[PDB]
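Heads up: the structure comes next, in structure tokens.
Chains as they are written, first to last, in the authors' numbering: chain C, 446 to 620; chain D, 1064 to 1079; chain A, 1064 to 1079.
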């Protein structure tokens, strides 16, 4: 019964997820793995279904890690879905500062893919700005992809002076 | 709209 | 055509 739950969470079937989660006996099926190690929290957050991820957080789910170290917030920022992002950030504030195997945060992905409202949503909250494994900030990673709107809304923000300070003086690429 | 189609579609005899 | 699909689709066990 694992793969029907993975399908119904990956494609936003809320009533099928309610009928599968009617029995609250075994929670190991709720936080089960995958071939790629994604629990249905990651599946519901990857495709951007806010009501499904809200139901899985109401029934109790753990912010586990991908084999690439990602979280549900990493997938919601990779897709740029602000609704699932707002649902995740209203539950636990300790999910924001989270690193993958490459050392990227969710703000790095949201700035890399050019989603302005996702960057503004993580930026209105405390985003814990940090460098990459290659000592790149999210602003560097936004500038290397010529994403005009996200660096414009970083300029229009209030935390511009904090973003301007941090960079490595030793990297030839990330100046 | 297509994501809404997949969200509201009825699946019998194609499950699992 | 996709709006026609949503208009004519049958929905059971996904309502409300």
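Note that beta-carbon positions come from the ideal geometry of N, C-alpha and C, so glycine has one too.
With its beta carbon less than 8 Å from one in chain A, residue 460(C) belongs to the interface. For residue 515(C), no alpha helix (DSSP H) run applies, since DSSP gives it neither H nor E.
Separation of the CB atoms of residue 1068(D) and residue 1069(A) is rounded to 6 Å, and the pair is thereby assigned contact status at 8 Å. When secondary structure is reduced to three states using DSSP, residue 1078(D) falls in the coil class, being assigned neither helix nor strand. Here residue 474(C) carries a coil assignment [DSSP, helix/strand/coil]. In the pairwise beta carbon analysis, the region 571 to 579 of chain C is classified as not touching the region 522 to 534 of chain C: fewer than three pairs are separated by under 8 Å. Secondary structure note for residue 598(C): its alpha helix (DSSP H) is the uninterrupted segment 593 to 600. Assignment of residue 604(C) by DSSP, reduced to helix, strand and coil, places it in the coil class. Cβ neighbours of residue 490(C) within its own chain (closer than 6 Å, five residues either side excluded): 498, 517, 520, 521 and 529. Counted as a single uninterrupted DSSP element, the stretch harbouring residue 543(C) is not any alpha helix (DSSP H), since DSSP gives it neither H nor E.
Counting other Cβ atoms within 10 Å of its Cβ, residue 523(C) reaches 16 or more and is therefore classed as buried. Per DSSP, reduced to three states, the secondary structure at residue 565(C) is helical. Sequence-distant partners of residue 461(C) (beyond 5 residues in either direction) whose C-beta falls short of 6 Å from its own C-beta, in its chain, are 453. With contacts defined by Cβ atoms closer than 8 Å, residue 588(C) and residue 608(C) do not form a contacting pair. Judged by DSSP in its simplified three-state form, residue 1065(A) adopts helix. When only Cα atoms are considered, residue 471(C) and residue 455(C) end up about 21 Å apart. Apart from the 5 residues on each side of it in sequence, residue 502(C) sits with its Cβ closer than 6 Å to the Cβ of 536 in its chain, given in chain order.
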